[PDB]
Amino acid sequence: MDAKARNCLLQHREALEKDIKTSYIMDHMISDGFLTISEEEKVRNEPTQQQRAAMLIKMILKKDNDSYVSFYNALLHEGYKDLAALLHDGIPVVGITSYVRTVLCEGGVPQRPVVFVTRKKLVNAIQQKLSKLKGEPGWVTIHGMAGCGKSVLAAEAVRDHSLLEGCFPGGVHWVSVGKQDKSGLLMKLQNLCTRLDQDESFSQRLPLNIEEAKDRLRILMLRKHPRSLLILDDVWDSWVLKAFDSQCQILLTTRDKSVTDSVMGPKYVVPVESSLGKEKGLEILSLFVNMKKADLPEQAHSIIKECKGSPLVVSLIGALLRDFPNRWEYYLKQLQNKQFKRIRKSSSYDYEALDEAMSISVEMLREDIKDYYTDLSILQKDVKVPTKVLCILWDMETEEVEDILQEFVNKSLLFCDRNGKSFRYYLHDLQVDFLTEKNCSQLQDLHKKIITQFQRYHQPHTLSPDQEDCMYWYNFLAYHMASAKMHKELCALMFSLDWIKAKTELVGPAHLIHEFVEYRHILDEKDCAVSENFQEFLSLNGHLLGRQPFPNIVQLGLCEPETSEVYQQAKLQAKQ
């Protein structure tokens, strides 16, 4: 390579080694043809994250100008903005540019699926509607059935330099919404407000209710993110859309086109066909198995027919065929002879083919990871979970956890959004439904497992927002205990001035109040009454909690009726 390049590479090596995770970086470099499979295997055998990184950078140092740029592009693709900035210095000569790769990563837009086929006519129709917004507020709605590929479409539509530069110089921000209640949407809006004001030029505290969050979003889009697009993935209710109605440009996906009825301004719509066509389905298969479409066996056309146009199902089956290469007849027959049993029968969706594909794929998991996949049945819809949460669940180190999860990801059984060093894992809604149904009888014990494992790494009072899993536990500790039916632990957590103080000072009272209401049904008569004590203490004082300067929770508790357990706890602390 160039002298600029090497000096620059050699110069930033320790910075690179320190921070980069190599797995998805190498996936890109392999695809670009600048890194071999044995080179990957040699890197993956290094015992640690940094030694994997050291090994790779050593290999790249003995490599041409194009590898540097490929590696540069993997860094942007994977969210290593600041490390790539240091490599920009030494960049040699060699619709998706570096600009697109950085803008989308910055906005948290999902990377392309493991295997990806173009859908040009749909992508162009979305881009055409987005180009009609002309720097003014408006709504573009992508609508169609669950799993038809809307979110992949929305991400591809913005994966374009001219559109981005010409229409949205302020960038794009992706919000994963899904089906939400008020406190669920609030959690999403709080996280969004944090993302949109990183340099902290506006309030350090979170919005504490939907009205405040709507207002803060309005200010951040006006003052920080003018001429930008907000992308809302999977909106179920028109009331949710009103929370975002703040003079913005919005692209959203939905199963229900009527979600835009409570909202005003320019409205454009792109219907997505319920089924991927035969040829595109075959193309997905061919890319998974690495052959030309015309060289596919005869079973391929039958398999596509059995997949009923669902790209998730086609992908599950394609990954199986890649993994077990001469079994086309065997897997066609399993798909035709459907053995899986849906209890929660009907839906807004035909599960038949997805259930069977999931069932076959899960069955073929090598035996020492089958139980790990079962554990993921406790993952919720529309929650992207940080690696650390699974380290805790499995008592394993980060490298080992991430390796196991990549095996699921590579089989389309799991998804991973990468922003540089931060890794977050999620399931498609339809996969949550499958696991919940498959493992229904284990679900309580799995929820109990996470609480048991959490209690060896943390204490509730030990939780701090610098750590990557912090908000997961504030948001979902009570949820998991209640799902585990662990009434004792739930009471010990929630019937606590300390917990109220800690949680309200971060996120305010609203979710807490909802958790008291939602989980009260698992409690005996005695604890149910104390639940109500705490709930009314929070509702009474709800305007005060989480607002700086923070109220004295002991003083507030001493204003509760003397029969109240809140008062009795407040009395003890006052003395102590």
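Start at 1 with the first residue shown and count on from there.
Novice: Please say, as none, 1 to 3, 4 to 9, or 10 or more, how many residues of the deposited sequence are without coordinates in the interval between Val94 and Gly95.
Specialist: Missing in between: 10 or more residues.
Novice: Got a sec? Mean C-alpha B-factor, which is higher, 462-470 or 132-140?
Specialist: Looking at the record's C-alpha B-factors, the answer is 462-470.
Novice: Which has the higher mean CA temperature factor in the PDB entry, 193-201 or 280-288?
Specialist: Going by the record's values, the stretch with the higher mean is 193-201.
Novice: Identify, among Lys81, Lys388, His447, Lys188, the residue whose C-alpha carries the highest B-factor in the deposited PDB entry.
Specialist: Each of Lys81, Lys388, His447, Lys188 was compared by C-alpha B-factor; the highest is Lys81.
Novice: According to the Cα B-factor stored in this entry, which of the following is highest: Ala510, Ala54, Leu544, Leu61?
Specialist: Most elevated C-alpha B-factor of the set, per the entry: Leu61.
Novice: Lowest, middle or highest third: where is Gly33 by Cα B-factor in its chain?
Specialist: For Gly33, whose C-alpha B-factor we compare with every modelled residue in the chain, the answer is the highest third.
Novice: Quick check on the deposited entry: does the C-alpha B-factor of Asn552 sit in the lowest, middle or highest third of its chain?
Specialist: Ranked within chain, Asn552 CA B lands in the lowest tercile.
Novice: Pull the Cα B-factor of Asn419 out of the PDB entry and bin it into the chain's lowest, middle or highest third.
Specialist: Ranked within chain, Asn419 CA B lands in the highest tercile.
Novice: So where's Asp350 on the chain's Cα temperature factor ranking, which third?
Specialist: Its C-alpha B-factor, which the entry lists for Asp350, ranks in the highest third among residues of this chain.
Novice: Would the CA B-factor of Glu367 place it in the lowest, middle or highest third of its chain?
Specialist: Answer is highest: the recorded C-alpha B-factor places it there.
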